file work_26.txt (compact mmCIF, C-alpha atoms)
# COMPACT_ATOMS: atom_id res chain seq x y z
CA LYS A 5 -14.64 14.78 -5.70
CA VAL A 6 -10.85 14.60 -6.07
CA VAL A 7 -8.86 12.49 -3.62
CA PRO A 8 -5.09 12.25 -2.90
CA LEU A 9 -3.00 9.66 -4.75
CA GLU A 10 -2.28 7.84 -1.50
CA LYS A 11 -6.00 7.23 -1.07
CA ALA A 12 -6.37 5.97 -4.63
CA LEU A 13 -3.38 3.71 -3.96
CA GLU A 14 -4.93 2.39 -0.74
CA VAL A 15 -8.10 1.63 -2.69
CA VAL A 16 -6.29 -0.45 -5.31
CA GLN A 17 -4.41 -2.23 -2.53
CA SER A 18 -7.83 -3.16 -1.16
CA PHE A 19 -8.47 -5.01 -4.41
CA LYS A 20 -7.26 -8.56 -4.76
CA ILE A 21 -6.94 -10.56 -7.95
CA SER A 22 -6.45 -14.31 -7.70
CA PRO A 23 -5.77 -15.65 -11.21
CA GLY A 24 -5.25 -19.12 -9.82
CA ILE A 25 -2.42 -21.61 -10.26
CA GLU A 26 -1.68 -24.13 -13.00
CA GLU A 27 1.02 -26.67 -13.74
CA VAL A 28 2.90 -26.54 -17.02
CA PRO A 29 5.62 -28.86 -18.35
CA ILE A 30 9.13 -27.52 -17.76
CA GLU A 31 9.56 -26.88 -21.50
CA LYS A 32 6.60 -24.46 -21.30
CA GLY A 33 7.77 -22.63 -18.20
CA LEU A 34 9.91 -20.05 -20.00
CA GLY A 35 8.44 -16.61 -19.35
CA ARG A 36 5.95 -17.78 -16.71
CA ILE A 37 5.89 -16.66 -13.07
CA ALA A 38 6.50 -19.21 -10.29
CA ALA A 39 3.38 -19.51 -8.11
CA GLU A 40 5.42 -20.68 -5.11
CA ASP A 41 8.93 -21.26 -3.81
CA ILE A 42 10.66 -24.34 -5.23
CA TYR A 43 13.28 -26.22 -3.22
CA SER A 44 15.74 -28.74 -4.64
CA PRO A 45 14.23 -32.26 -4.44
CA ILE A 46 17.69 -33.85 -4.72
CA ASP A 47 21.32 -33.41 -3.75
CA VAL A 48 23.63 -32.17 -6.51
CA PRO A 49 25.66 -34.06 -7.41
CA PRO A 50 23.33 -36.93 -6.44
CA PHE A 51 26.34 -39.14 -5.59
CA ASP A 52 30.04 -38.74 -4.79
CA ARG A 53 31.75 -38.19 -8.12
CA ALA A 54 35.37 -38.22 -9.23
CA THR A 55 36.68 -34.81 -10.30
CA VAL A 56 39.62 -36.25 -12.23
CA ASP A 57 40.55 -39.42 -14.12
CA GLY A 58 42.46 -41.73 -11.82
CA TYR A 59 42.08 -44.31 -9.10
CA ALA A 60 39.39 -44.49 -6.45
CA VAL A 61 40.88 -45.65 -3.15
CA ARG A 62 40.16 -45.94 0.55
CA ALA A 63 42.31 -43.01 1.74
CA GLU A 64 43.35 -44.89 4.90
CA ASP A 65 45.12 -47.55 2.81
CA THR A 66 47.57 -44.88 1.66
CA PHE A 67 48.53 -43.32 5.00
CA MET A 68 51.98 -44.94 5.20
CA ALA A 69 52.82 -43.98 1.61
CA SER A 70 56.15 -42.23 1.07
CA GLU A 71 58.48 -41.67 -1.88
CA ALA A 72 60.86 -44.15 -0.25
CA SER A 73 58.22 -46.79 0.50
CA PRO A 74 55.20 -46.47 -1.83
CA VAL A 75 51.96 -48.30 -1.08
CA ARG A 76 50.87 -50.93 -3.58
CA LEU A 77 47.16 -51.31 -4.34
CA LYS A 78 45.50 -53.90 -6.57
CA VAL A 79 43.17 -52.50 -9.28
CA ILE A 80 40.10 -54.72 -9.11
CA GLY A 81 37.68 -52.89 -11.37
CA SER A 82 36.60 -49.62 -12.96
CA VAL A 83 33.78 -47.09 -13.03
CA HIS A 84 32.82 -45.02 -16.05
CA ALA A 85 30.27 -42.30 -16.76
CA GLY A 86 26.68 -43.26 -16.01
CA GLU A 87 27.45 -46.53 -14.24
CA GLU A 88 26.21 -47.52 -10.81
CA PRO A 89 29.21 -49.31 -9.22
CA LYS A 90 28.21 -52.87 -8.36
CA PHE A 91 31.29 -53.64 -6.24
CA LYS A 92 33.15 -52.25 -3.24
CA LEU A 93 36.83 -51.81 -2.37
CA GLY A 94 38.49 -53.99 0.25
CA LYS A 95 41.69 -52.99 2.05
CA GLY A 96 44.54 -52.73 -0.43
CA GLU A 97 42.17 -52.42 -3.41
CA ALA A 98 41.55 -49.67 -5.95
CA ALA A 99 39.48 -48.98 -9.08
CA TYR A 100 40.15 -46.97 -12.18
CA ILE A 101 37.57 -44.19 -12.42
CA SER A 102 36.93 -41.43 -14.94
CA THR A 103 35.98 -37.84 -14.21
CA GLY A 104 32.33 -37.47 -13.22
CA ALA A 105 31.87 -41.17 -12.46
CA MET A 106 30.46 -42.51 -9.18
CA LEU A 107 32.91 -43.84 -6.58
CA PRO A 108 32.60 -47.55 -5.80
CA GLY A 109 31.73 -48.70 -2.28
CA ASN A 110 34.17 -47.76 0.52
CA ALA A 111 36.15 -45.40 -1.73
CA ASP A 112 36.57 -41.87 -0.38
CA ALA A 113 39.29 -40.40 -2.58
CA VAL A 114 40.50 -40.43 -6.17
CA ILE A 115 44.20 -40.12 -6.97
CA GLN A 116 44.90 -38.48 -10.34
CA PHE A 117 46.06 -40.84 -13.06
CA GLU A 118 49.44 -39.09 -13.30
CA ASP A 119 50.20 -39.36 -9.57
CA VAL A 120 50.59 -43.13 -9.48
CA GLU A 121 52.66 -45.74 -11.30
CA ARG A 122 50.94 -48.69 -12.97
CA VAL A 123 52.49 -52.15 -12.57
CA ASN A 124 51.08 -55.64 -13.22
CA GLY A 125 47.43 -54.66 -12.72
CA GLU A 126 48.41 -52.74 -9.60
CA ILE A 127 49.38 -49.19 -8.75
CA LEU A 128 52.06 -47.56 -6.60
CA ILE A 129 51.20 -44.58 -4.40
CA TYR A 130 53.99 -42.37 -3.04
CA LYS A 131 51.91 -39.77 -1.21
CA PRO A 132 49.07 -40.29 1.26
CA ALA A 133 45.63 -39.26 0.05
CA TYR A 134 42.96 -37.81 2.31
CA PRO A 135 39.18 -38.34 2.31
CA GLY A 136 37.68 -36.03 -0.29
CA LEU A 137 40.73 -35.67 -2.56
CA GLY A 138 39.64 -35.80 -6.21
CA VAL A 139 36.00 -35.99 -5.15
CA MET A 140 32.91 -33.78 -5.43
CA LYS A 141 30.79 -35.10 -2.58
CA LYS A 142 27.05 -35.64 -2.89
CA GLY A 143 25.16 -32.38 -2.41
CA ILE A 144 28.20 -30.07 -2.39
CA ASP A 145 27.00 -28.25 -5.53
CA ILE A 146 23.37 -27.94 -4.39
CA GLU A 147 22.06 -29.38 -1.12
CA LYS A 148 18.70 -31.14 -1.19
CA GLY A 149 16.15 -28.66 0.17
CA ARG A 150 17.95 -25.55 -1.06
CA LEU A 151 15.75 -22.70 -2.33
CA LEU A 152 15.95 -22.77 -6.15
CA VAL A 153 13.16 -20.43 -7.33
CA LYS A 154 11.16 -17.84 -5.35
CA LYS A 155 7.42 -17.26 -5.50
CA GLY A 156 6.84 -14.47 -8.00
CA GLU A 157 10.09 -15.12 -9.83
CA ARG A 158 10.06 -15.09 -13.63
CA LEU A 159 11.43 -18.27 -15.20
CA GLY A 160 14.31 -17.34 -17.50
CA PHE A 161 16.48 -19.91 -19.30
CA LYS A 162 18.65 -20.25 -16.20
CA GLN A 163 15.66 -21.06 -13.99
CA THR A 164 14.15 -23.59 -16.39
CA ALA A 165 17.56 -25.24 -16.85
CA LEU A 166 18.03 -25.30 -13.06
CA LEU A 167 14.69 -26.99 -12.50
CA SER A 168 15.54 -29.48 -15.24
CA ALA A 169 18.92 -30.08 -13.58
CA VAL A 170 17.16 -31.36 -10.46
CA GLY A 171 14.67 -33.60 -12.27
CA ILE A 172 11.68 -31.24 -12.14
CA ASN A 173 9.54 -31.58 -15.27
CA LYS A 174 6.37 -29.80 -14.05
CA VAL A 175 6.17 -26.38 -12.44
CA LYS A 176 3.38 -24.47 -10.70
CA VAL A 177 2.91 -21.04 -12.21
CA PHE A 178 0.34 -18.28 -11.83
CA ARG A 179 -2.36 -18.28 -14.48
CA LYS A 180 -2.21 -15.01 -16.40
CA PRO A 181 -4.49 -12.32 -14.92
CA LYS A 182 -6.88 -11.33 -17.71
CA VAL A 183 -7.25 -7.62 -18.38
CA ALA A 184 -10.02 -6.51 -20.75
CA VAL A 185 -8.97 -3.30 -22.51
CA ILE A 186 -11.26 -0.70 -24.09
CA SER A 187 -10.48 2.46 -26.10
CA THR A 188 -13.10 5.24 -26.06
CA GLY A 189 -13.52 8.14 -28.46
CA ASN A 190 -15.68 9.09 -31.42
CA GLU A 191 -12.52 9.86 -33.40
CA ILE A 192 -10.91 6.45 -32.82
CA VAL A 193 -10.88 3.56 -35.30
CA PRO A 194 -9.00 0.21 -35.20
CA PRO A 195 -5.83 -0.12 -37.29
CA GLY A 196 -6.26 -1.71 -40.71
CA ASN A 197 -9.41 0.31 -41.39
CA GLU A 198 -9.33 3.25 -43.79
CA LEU A 199 -9.27 6.63 -42.03
CA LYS A 200 -11.89 9.24 -42.80
CA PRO A 201 -10.81 12.85 -42.27
CA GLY A 202 -11.19 13.64 -38.57
CA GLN A 203 -10.45 10.09 -37.37
CA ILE A 204 -7.28 8.63 -35.87
CA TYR A 205 -6.04 5.10 -35.12
CA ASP A 206 -6.09 3.52 -31.68
CA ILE A 207 -2.77 3.60 -29.86
CA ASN A 208 -3.55 3.00 -26.17
CA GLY A 209 -5.48 -0.23 -26.67
CA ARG A 210 -2.53 -2.00 -28.29
CA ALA A 211 -0.10 -0.33 -25.91
CA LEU A 212 -2.04 -1.44 -22.82
CA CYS A 213 -2.64 -4.99 -24.01
CA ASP A 214 1.00 -5.55 -24.85
CA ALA A 215 2.41 -3.88 -21.75
CA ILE A 216 0.09 -6.17 -19.79
CA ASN A 217 1.29 -9.18 -21.79
CA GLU A 218 4.88 -8.14 -21.07
CA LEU A 219 4.45 -7.91 -17.30
CA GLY A 220 2.83 -11.35 -17.13
CA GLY A 221 -0.88 -10.86 -17.68
CA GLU A 222 -3.13 -11.45 -20.67
CA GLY A 223 -4.27 -8.30 -22.42
CA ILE A 224 -7.54 -8.79 -24.26
CA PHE A 225 -8.51 -5.93 -26.59
CA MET A 226 -12.28 -5.49 -26.44
CA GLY A 227 -12.23 -2.86 -29.17
CA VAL A 228 -13.27 0.76 -29.58
CA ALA A 229 -16.29 2.30 -27.87
CA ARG A 230 -18.09 5.43 -29.12
CA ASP A 231 -18.28 8.21 -26.54
CA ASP A 232 -21.92 7.53 -25.62
CA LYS A 233 -23.91 5.53 -23.05
CA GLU A 234 -25.15 2.58 -25.10
CA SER A 235 -21.86 1.88 -26.89
CA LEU A 236 -19.75 2.16 -23.74
CA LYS A 237 -22.13 0.25 -21.43
CA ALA A 238 -22.40 -2.67 -23.85
CA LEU A 239 -18.63 -2.99 -24.23
CA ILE A 240 -17.89 -2.61 -20.51
CA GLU A 241 -20.41 -5.39 -19.84
CA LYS A 242 -18.57 -7.71 -22.23
CA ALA A 243 -15.21 -6.67 -20.79
CA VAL A 244 -16.38 -7.45 -17.25
CA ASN A 245 -17.28 -10.97 -18.37
CA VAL A 246 -13.99 -11.82 -20.09
CA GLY A 247 -11.51 -10.24 -17.70
CA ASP A 248 -10.48 -10.16 -14.05
CA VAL A 249 -9.80 -6.47 -14.53
CA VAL A 250 -11.10 -3.88 -17.00
CA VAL A 251 -9.03 -0.94 -18.18
CA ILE A 252 -10.49 1.90 -20.21
CA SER A 253 -8.60 4.80 -21.81
CA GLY A 254 -10.14 7.80 -23.52
CA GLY A 255 -10.03 10.73 -21.13
CA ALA A 256 -7.25 13.17 -21.97
CA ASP A 262 -18.17 12.07 -16.86
CA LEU A 263 -19.87 9.55 -19.14
CA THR A 264 -17.68 6.56 -18.24
CA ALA A 265 -17.97 7.34 -14.54
CA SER A 266 -21.76 7.34 -14.87
CA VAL A 267 -21.73 4.04 -16.74
CA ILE A 268 -19.52 2.44 -14.09
CA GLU A 269 -21.70 3.98 -11.38
CA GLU A 270 -24.80 2.27 -12.78
CA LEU A 271 -23.13 -1.09 -13.43
CA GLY A 272 -21.36 -1.13 -10.08
CA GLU A 273 -19.56 1.33 -7.82
CA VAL A 274 -17.06 4.15 -8.29
CA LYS A 275 -14.48 4.12 -5.50
CA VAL A 276 -12.39 6.93 -6.98
CA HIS A 277 -13.46 9.71 -9.34
CA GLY A 278 -10.68 12.18 -9.84
CA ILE A 279 -7.21 12.17 -8.33
CA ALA A 280 -5.20 15.09 -6.96
CA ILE A 281 -2.44 14.58 -9.53
CA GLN A 282 -1.24 15.73 -12.94
CA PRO A 283 -2.01 14.09 -15.26
CA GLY A 284 -4.88 11.78 -14.41
CA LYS A 285 -7.06 14.31 -12.61
CA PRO A 286 -10.24 12.67 -14.02
CA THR A 287 -8.98 9.10 -13.51
CA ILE A 288 -11.68 6.68 -12.36
CA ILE A 289 -11.43 3.53 -10.22
CA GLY A 290 -14.44 1.33 -9.58
CA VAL A 291 -15.72 -2.21 -9.19
CA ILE A 292 -18.27 -4.10 -11.28
CA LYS A 293 -19.26 -7.63 -10.29
CA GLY A 294 -16.26 -7.82 -7.99
CA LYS A 295 -13.84 -6.87 -10.76
CA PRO A 296 -11.63 -3.75 -10.61
CA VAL A 297 -12.31 -1.21 -13.38
CA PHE A 298 -9.98 1.64 -14.33
CA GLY A 299 -10.76 4.69 -16.45
CA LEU A 300 -7.49 6.26 -17.59
CA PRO A 301 -6.61 9.41 -19.61
CA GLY A 302 -6.58 9.25 -23.40
CA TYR A 303 -3.32 11.16 -23.84
CA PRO A 304 -0.69 8.40 -24.48
CA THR A 305 1.97 9.38 -21.91
CA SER A 306 -0.73 10.15 -19.33
CA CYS A 307 -2.39 6.77 -19.91
CA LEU A 308 1.02 5.15 -19.53
CA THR A 309 1.79 7.10 -16.37
CA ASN A 310 -1.54 6.36 -14.71
CA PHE A 311 -1.36 2.73 -15.85
CA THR A 312 1.99 2.35 -14.11
CA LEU A 313 0.86 4.11 -10.93
CA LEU A 314 -2.52 2.41 -10.49
CA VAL A 315 -2.86 -0.77 -12.53
CA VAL A 316 0.67 -2.19 -12.49
CA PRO A 317 0.86 -2.55 -8.68
CA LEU A 318 -2.40 -4.54 -8.79
CA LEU A 319 -1.14 -6.86 -11.52
CA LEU A 320 2.25 -7.37 -9.89
CA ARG A 321 0.64 -8.33 -6.58
CA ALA A 322 -1.54 -10.85 -8.40
CA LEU A 323 1.71 -12.40 -9.67
CA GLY A 324 3.41 -12.42 -6.28
CA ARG A 325 5.61 -9.59 -7.54
CA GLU A 326 4.00 -7.20 -5.06
CA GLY A 327 6.69 -4.54 -5.04
CA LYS A 328 8.65 -4.88 -8.28
CA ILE A 329 8.75 -1.29 -9.55
CA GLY A 330 11.85 -0.22 -11.45
CA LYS A 331 13.39 3.11 -10.45
CA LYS A 332 16.54 4.96 -11.50
CA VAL A 333 18.17 8.20 -10.37
CA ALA A 334 19.28 10.86 -12.86
CA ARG A 335 19.79 14.61 -13.27
CA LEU A 336 17.57 16.85 -15.41
CA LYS A 337 18.95 18.23 -18.66
CA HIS A 338 16.87 21.40 -18.26
CA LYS A 339 14.91 23.34 -15.64
CA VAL A 340 11.28 22.40 -14.99
CA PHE A 341 8.43 24.63 -13.80
CA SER A 342 5.34 23.06 -12.24
CA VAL A 343 2.34 23.85 -10.03
CA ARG A 346 -0.76 20.22 -7.65
CA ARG A 347 1.15 16.93 -7.45
CA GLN A 348 2.39 16.14 -10.97
CA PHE A 349 4.29 13.38 -12.75
CA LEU A 350 6.58 14.58 -15.53
CA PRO A 351 7.29 12.18 -18.42
CA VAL A 352 11.01 12.08 -19.17
CA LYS A 353 13.41 10.58 -21.68
CA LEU A 354 16.55 8.94 -20.33
CA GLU A 355 19.61 9.82 -22.39
CA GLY A 356 22.22 8.19 -20.20
CA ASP A 357 22.30 9.60 -16.68
CA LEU A 358 20.29 12.72 -17.49
CA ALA A 359 16.50 12.97 -17.58
CA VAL A 360 15.17 15.09 -20.44
CA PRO A 361 11.65 16.46 -19.80
CA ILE A 362 9.16 15.71 -22.57
CA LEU A 363 7.17 18.58 -24.08
CA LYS A 364 3.65 19.00 -25.48
CA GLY A 365 4.28 20.26 -29.01
CA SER A 366 6.50 17.26 -29.70
CA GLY A 367 3.25 15.43 -30.38
CA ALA A 368 1.21 12.76 -28.61
CA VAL A 369 2.81 9.78 -30.36
CA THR A 370 6.40 11.07 -30.37
CA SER A 371 6.01 11.82 -26.65
CA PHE A 372 4.82 8.27 -26.06
CA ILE A 373 7.83 6.92 -27.95
CA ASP A 374 10.30 9.12 -26.03
CA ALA A 375 8.88 8.57 -22.53
CA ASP A 376 11.18 6.19 -20.64
CA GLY A 377 9.63 6.98 -17.28
CA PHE A 378 8.38 9.76 -15.06
CA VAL A 379 9.61 12.05 -12.30
CA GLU A 380 7.19 12.86 -9.46
CA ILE A 381 7.07 16.53 -8.42
CA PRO A 382 5.48 17.13 -4.95
CA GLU A 383 2.06 18.74 -4.51
CA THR A 384 3.99 21.76 -3.27
CA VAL A 385 5.49 22.98 -6.58
CA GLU A 386 8.65 25.02 -7.22
CA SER A 387 11.19 24.40 -9.99
CA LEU A 388 13.32 21.31 -10.61
CA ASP A 389 16.30 23.28 -11.92
CA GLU A 390 19.12 21.50 -13.72
CA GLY A 391 20.76 18.35 -12.41
CA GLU A 392 20.00 18.06 -8.69
CA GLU A 393 19.32 14.37 -9.41
CA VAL A 394 15.76 13.05 -9.46
CA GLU A 395 14.25 9.62 -8.93
CA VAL A 396 12.76 8.18 -12.12
CA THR A 397 10.17 5.40 -12.21
CA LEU A 398 10.75 3.64 -15.52
CA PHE A 399 8.02 2.27 -17.75
CA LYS A 400 9.17 -1.33 -17.39
CA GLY A 401 11.21 -2.21 -20.47
CA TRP A 402 11.44 -3.49 -24.04
call {"tool": "encode", "arguments": {"input": "work_26.txt", "output": "structure tokens"}}
result
Amino acid sequence: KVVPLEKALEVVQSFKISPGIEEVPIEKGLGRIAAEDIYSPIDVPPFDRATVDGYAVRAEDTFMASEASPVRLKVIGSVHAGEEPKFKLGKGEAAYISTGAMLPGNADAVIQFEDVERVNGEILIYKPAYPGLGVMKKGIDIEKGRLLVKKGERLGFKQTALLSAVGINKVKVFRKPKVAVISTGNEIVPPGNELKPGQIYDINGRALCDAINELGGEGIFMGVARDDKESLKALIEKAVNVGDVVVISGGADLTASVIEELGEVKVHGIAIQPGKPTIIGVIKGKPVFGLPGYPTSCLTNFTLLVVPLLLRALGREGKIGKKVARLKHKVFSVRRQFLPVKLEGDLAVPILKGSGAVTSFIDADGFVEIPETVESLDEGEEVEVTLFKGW
């Protein structure tokens, strides 16, 4: 019973994963996803600071200053980096102050060191200053209450430094959605083991787990399941207990039947190429996906069906990377299909069968969706390409 992609998409949208929220020290925030917006808790700078070395003054005391009749101010103190001024300026009084230091009480301007003449513990001013001169006022860099980090934003070194800059040492991030991954096939064996003729090593299990780790979740490899009822049912049961989501690869009706008896199968077959036999169900409230065994097909279906679910769980609901490009060759195609392509600059190079399953996986940078109609893609004509994340 094949159903359109849109329906399968609506079904996944109906699912909702809530990994929960946790607080981690700021030094452990790198790579995590912010669970909610974060607004600056303080003004930056947190006080009026001098922007040059010179003399803090009450601007008004310099209004009558002229080259002919300079104003004379008495230097009564000083303010250096890190100090909280414990005095204020009276009329006709000034204070030496270094760049970055806090202005003493009543001061509203700083006159550069070179623009005054020092005499007997006093200074001569020949030009009137104005409030704000030589000063970075409190909150002019970043106003208290300003949005610093958005919900769903990944914390890179700039974000963690920013939070540190405003005194934040604990941040609320989404716990990593756990995805239990299973590889199915009588020919599959885990790496490290010796191969017997006829067997191959798992590739999708590791690929899925790490892609999941990369997007922000926690990929847990449950292992390899033989293509039979007992083996598969036992592993799916364990997967359902350790993860919030279960993903199985091994296609290209046993898995569907196992899911059907452990829970419910919402989708069984999708009107697309590849992924025709793709399964989507629910066991004990947890989404379960049965994807194709062919590497690029598993990757394509993973991106189309599982990624949106995971992104939404991380408040990234709608974070798919797309890029336009022109084909390097003509493409013939029947049913709605997604063609794996390699991006060699601004041109999309269609990937072929004979190149091999692994080589195709390596070369696939993304896919181009060709309408259920059909026709030919011809050369160039620019096509939208959904990329397979990155790195």
call {"tool": "atom_distance", "arguments": {"input": "work_26.txt", "atom1": "atom CA of residue 143 of chain A", "atom2": "atom CA of residue 52 of chain A"}}
result
8.4 Å
call {"tool": "atom_distance", "arguments": {"input": "work_26.txt", "atom1": "atom CA of residue 284 of chain A", "atom2": "atom CA of residue 301 of chain A"}}
result
6.0 Å
call {"tool": "residues_near_point", "arguments": {"input": "work_26.txt", "point": "(55.5, -46.6, -6.1)", "cutoff": "9 Å", "atoms": "all atoms listed in the file", "output": "ChimeraX atom specification"}}
result
/A:69-76,120-122,127-130
call {"tool": "write_last_selection", "arguments": {"input": "work_26.txt", "atoms": "C-alpha atoms", "output": "compact mmCIF listing (two decimals), keeping the file's coordinate frame"}}
result
# COMPACT_ATOMS: atom_id res chain seq x y z
CA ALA A 69 52.82 -43.98 1.61
CA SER A 70 56.15 -42.23 1.07
CA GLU A 71 58.48 -41.67 -1.88
CA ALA A 72 60.86 -44.15 -0.25
CA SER A 73 58.22 -46.79 0.50
CA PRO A 74 55.20 -46.47 -1.83
CA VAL A 75 51.96 -48.30 -1.08
CA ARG A 76 50.87 -50.93 -3.58
CA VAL A 120 50.59 -43.13 -9.48
CA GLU A 121 52.66 -45.74 -11.30
CA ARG A 122 50.94 -48.69 -12.97
CA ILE A 127 49.38 -49.19 -8.75
CA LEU A 128 52.06 -47.56 -6.60
CA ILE A 129 51.20 -44.58 -4.40
CA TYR A 130 53.99 -42.37 -3.04
call {"tool": "closest_residue", "arguments": {"input": "work_26.txt", "among": "A:222, A:65, A:326, A:97", "to": "residue 131 of chain A", "atoms": "all atoms listed in the file"}}
result
A:65
call {"tool": "residues_around", "arguments": {"input": "work_26.txt", "residues": "residue 46 of chain A", "least_positions_apart": "2", "cutoff": "9 Å", "atoms": "only C-alpha atoms", "output": "PDB file with C-alpha atoms, in the frame of the given file"}}
result
ATOM      1  CA  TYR A  43      13.280 -26.220  -3.220  1.00  0.00           C
ATOM      2  CA  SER A  44      15.740 -28.740  -4.640  1.00  0.00           C
ATOM      3  CA  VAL A  48      23.630 -32.170  -6.510  1.00  0.00           C
ATOM      4  CA  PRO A  49      25.660 -34.060  -7.410  1.00  0.00           C
ATOM      5  CA  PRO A  50      23.330 -36.930  -6.440  1.00  0.00           C
ATOM      6  CA  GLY A 143      25.160 -32.380  -2.410  1.00  0.00           C
ATOM      7  CA  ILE A 146      23.370 -27.940  -4.390  1.00  0.00           C
ATOM      8  CA  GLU A 147      22.060 -29.380  -1.120  1.00  0.00           C
ATOM      9  CA  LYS A 148      18.700 -31.140  -1.190  1.00  0.00           C
ATOM     10  CA  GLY A 149      16.150 -28.660   0.170  1.00  0.00           C
ATOM     11  CA  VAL A 170      17.160 -31.360 -10.460  1.00  0.00           C
ATOM     12  CA  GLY A 171      14.670 -33.600 -12.270  1.00  0.00           C
TER      13      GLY A 171
END
call {"tool": "closest_residue", "arguments": {"input": "work_26.txt", "among": "A:180, A:233, A:200, A:339", "to": "residue 22 of chain A", "atoms": "all atoms listed in the file"}}
result
A:180
call {"tool": "closest_residue", "arguments": {"input": "work_26.txt", "among": "A:317, A:374, A:288, A:152", "to": "residue 164 of chain A", "atoms": "only C-alpha atoms"}}
result
A:152
call {"tool": "closest_residue", "arguments": {"input": "work_26.txt", "among": "A:272, A:8, A:382, A:23", "to": "residue 241 of chain A", "atoms": "all atoms listed in the file"}}
result
A:272
call {"tool": "residues_around", "arguments": {"input": "work_26.txt", "residues": "residue 279 of chain A", "least_positions_apart": "4", "cutoff": "10 Å", "atoms": "all atoms listed in the file", "output": "VMD selection string"}}
result
chain A and resid 5 to 12 283 to 289 347
call {"tool": "axis_aligned_box", "arguments": {"input": "work_26.txt", "around": "segment 352-371 of chain A", "padding_each_side": "3 Å", "output": "JSON"}}
result
{"center_x": 11.8, "center_y": 14.2, "center_z": -23.5, "size_x": 27.1, "size_y": 18.1, "size_z": 19.7}
call {"tool": "residues_around", "arguments": {"input": "work_26.txt", "residues": "residue 175 of chain A", "least_positions_apart": "3", "cutoff": "7 Å", "atoms": "only C-alpha atoms", "output": "PDB file with C-alpha atoms, in the coordinates of the input"}}
result
ATOM      1  CA  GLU A  27       1.020 -26.670 -13.740  1.00  0.00           C
ATOM      2  CA  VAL A  28       2.900 -26.540 -17.020  1.00  0.00           C
ATOM      3  CA  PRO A  29       5.620 -28.860 -18.350  1.00  0.00           C
ATOM      4  CA  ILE A  30       9.130 -27.520 -17.760  1.00  0.00           C
TER       5      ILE A  30
END
call {"tool": "closest_residue", "arguments": {"input": "work_26.txt", "among": "A:159, A:56, A:80, A:318", "to": "residue 250 of chain A", "atoms": "all atoms listed in the file"}}
result
A:318
call {"tool": "closest_residue", "arguments": {"input": "work_26.txt", "among": "A:202, A:253, A:189, A:135", "to": "residue 302 of chain A", "atoms": "only C-alpha atoms"}}
result
A:253
call {"tool": "residues_around", "arguments": {"input": "work_26.txt", "residues": "residue 243 of chain A", "least_positions_apart": "3", "cutoff": "10 Å", "atoms": "only C-alpha atoms", "output": "PyMOL selection string"}}
result
chain A and resi 183-186+224-227+237-240+246-252+297
call {"tool": "residues_around", "arguments": {"input": "work_26.txt", "residues": "segment 102-111 of chain A", "least_positions_apart": "4", "cutoff": "12 Å", "atoms": "only C-alpha atoms", "output": "NGL selection string"}}
result
:A and (49-66 or 80-98 or 115-117 or 133-142)
call {"tool": "atom_distance", "arguments": {"input": "work_26.txt", "atom1": "atom CA of residue 190 of chain A", "atom2": "atom CA of residue 229 of chain A"}}
result
7.7 Å
call {"tool": "build_atoms", "arguments": {"input": "work_26.txt", "residues": "segment 47-57 of chain A", "atoms": "N, CA and C atoms", "output": "mmCIF file, in the coordinates of the input"}}
result
data_model
loop_
_atom_site.group_PDB
_atom_site.id
_atom_site.type_symbol
_atom_site.label_atom_id
_atom_site.label_comp_id
_atom_site.auth_asym_id
_atom_site.auth_seq_id
_atom_site.Cartn_x
_atom_site.Cartn_y
_atom_site.Cartn_z
ATOM 1 N N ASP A 47 19.991 -33.927 -4.024
ATOM 2 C CA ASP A 47 21.320 -33.410 -3.750
ATOM 3 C C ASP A 47 22.018 -33.339 -5.111
ATOM 4 N N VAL A 48 22.873 -32.338 -5.283
ATOM 5 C CA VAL A 48 23.630 -32.170 -6.510
ATOM 6 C C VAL A 48 25.098 -31.975 -6.139
ATOM 7 N N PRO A 49 25.986 -32.879 -6.597
ATOM 8 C CA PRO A 49 25.660 -34.060 -7.410
ATOM 9 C C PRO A 49 24.870 -35.045 -6.554
ATOM 10 N N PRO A 50 24.124 -35.960 -7.190
ATOM 11 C CA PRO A 50 23.330 -36.930 -6.440
ATOM 12 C C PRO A 50 24.125 -38.122 -5.881
ATOM 13 N N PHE A 51 25.440 -38.089 -6.066
ATOM 14 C CA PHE A 51 26.340 -39.140 -5.590
ATOM 15 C C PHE A 51 27.751 -38.562 -5.565
ATOM 16 N N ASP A 52 28.659 -39.209 -4.838
ATOM 17 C CA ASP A 52 30.040 -38.740 -4.790
ATOM 18 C C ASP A 52 30.635 -39.002 -6.164
ATOM 19 N N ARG A 53 31.176 -37.975 -6.808
ATOM 20 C CA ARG A 53 31.750 -38.190 -8.120
ATOM 21 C C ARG A 53 33.206 -37.778 -8.220
ATOM 22 N N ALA A 54 33.957 -38.511 -9.035
ATOM 23 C CA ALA A 54 35.370 -38.220 -9.230
ATOM 24 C C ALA A 54 35.463 -36.888 -9.974
ATOM 25 N N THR A 55 36.479 -36.099 -9.646
ATOM 26 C CA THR A 55 36.680 -34.810 -10.300
ATOM 27 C C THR A 55 37.846 -34.879 -11.271
ATOM 28 N N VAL A 56 38.493 -36.039 -11.330
ATOM 29 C CA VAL A 56 39.620 -36.250 -12.230
ATOM 30 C C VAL A 56 39.671 -37.721 -12.629
ATOM 31 N N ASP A 57 40.395 -38.032 -13.704
ATOM 32 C CA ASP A 57 40.550 -39.420 -14.120
ATOM 33 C C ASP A 57 41.641 -39.972 -13.214
#
